[PDB]
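# Structural overview for review
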Amino acid sequence: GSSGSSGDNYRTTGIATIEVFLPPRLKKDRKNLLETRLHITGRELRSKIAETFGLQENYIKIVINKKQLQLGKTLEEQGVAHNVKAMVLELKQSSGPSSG
């Protein structure tokens, strides 16, 4: 429903290269780099990568520094700088409440 917000012309770009490491299942190409801002919420990432590689966002989890991506914290908050690395993990069987 309608699209188009914010603008720019001349101003430093708060972009940051991210290294996405897909599992030995998809295999698309060498180390995949993802260019994104830092202001974006960690959640946006988990979603970005997904959409990016058309993968799933509700079925994946980023990992950085043998830690988990803090979707509740901004890339900057958690501590995501430029030229960083990230791992793509696949959630486990999610049963939860039966579907009716």
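Residues numbered from 1 in each chain as written, not as in the entry; some residues may be left out. Heavy atoms only, no water.

Method-wise, the PDB entry is recorded as coming from solution NMR.

### Comments concerning unusual backbone geometry
Positive phi is not limited to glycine here, since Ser6 has a value of about 65 degrees. Positionally, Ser6 belongs in the segment before β1 (15-21). The phi dihedral of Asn83 is positive, around 60 degrees, even though this residue is not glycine. Assignment of secondary structure puts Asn83 in the loop between α2 (75-78) and β5 (84-89). Here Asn83 falls in the exposed class, since its relative accessible area comes to 56%. (Helix = DSSP H or I, 4+ residues; strand = E, 2+ residues; numbered from the N terminus. Buried < 20%, exposed > 50% of the residue type's maximum accessible area, 1.4 Å probe, protein only.)

### Concerning the sheet that holds β5
Spatially, 5 strands are ordered β2-β1-β5-β3-β4 in an open sheet, and the strand pairing comes out mixed. Looking along the sheet, the strands with just one partner apiece sit at the ends: β2 (32-37) and β4 (67-68). Bridge count between strand β3 (residues 61-64) and β5: 3 bridges; the pairing is antiparallel. Counterpart to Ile62 in the pairing with β5 is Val88. In the packing of helix α1 (residues 42-52) onto the sheet, the strands contacted are β1, β2 and β3, and the crossing angle to β2 comes to about 135 degrees. (Pairing = 2+ DSSP bridges. Contact = heavy atoms within 4.5 Å. Axes fitted to C-alpha atoms, helices over the stretch in contact; angles between N-to-C directions.)

### Focus on the pattern of salt bridges
Where side chains of opposite charge bring their charged atoms close, a pairing between them can arise. This model, assessed by the stated rule, comprises 1 salt bridge. The salt bridge partner of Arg25 is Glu90, with a shortest N-O separation of 3.3 Å. With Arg25 in the loop between β1 and β2 and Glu90 in the segment after β5, this residue pair connects regions lying 65 residues apart in the sequence. Using a relative accessible area of 67% as the deciding quantity, one classes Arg25 as exposed. (Salt bridge = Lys/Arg side-chain N within 4 Å of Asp/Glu carboxyl O.)

### Regarding the pairing of β2
In regular strands, side chains alternate between the two faces of the sheet. Side chains of β2 alternate between two faces, with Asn32, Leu34 and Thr36 buried and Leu33, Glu35 and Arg37 left unburied. Pairing geometry for β1 and β2, over 6 bridges, is antiparallel. Opposite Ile15, over in β2, you have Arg37 as the bridge partner.

### Section: the environment of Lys61
As for its placement among the helices and strands, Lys61 is situated in strand β3. Here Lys61 falls in the partly exposed class, since its relative accessible area comes to 27%. Placed 28 residues apart in sequence, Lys61 and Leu89 show a C-alpha to C-alpha distance of 5.2 Å. Setting aside anything within four residues of it in sequence, one finds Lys61 in contact with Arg46, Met87, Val88, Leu89 and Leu91.

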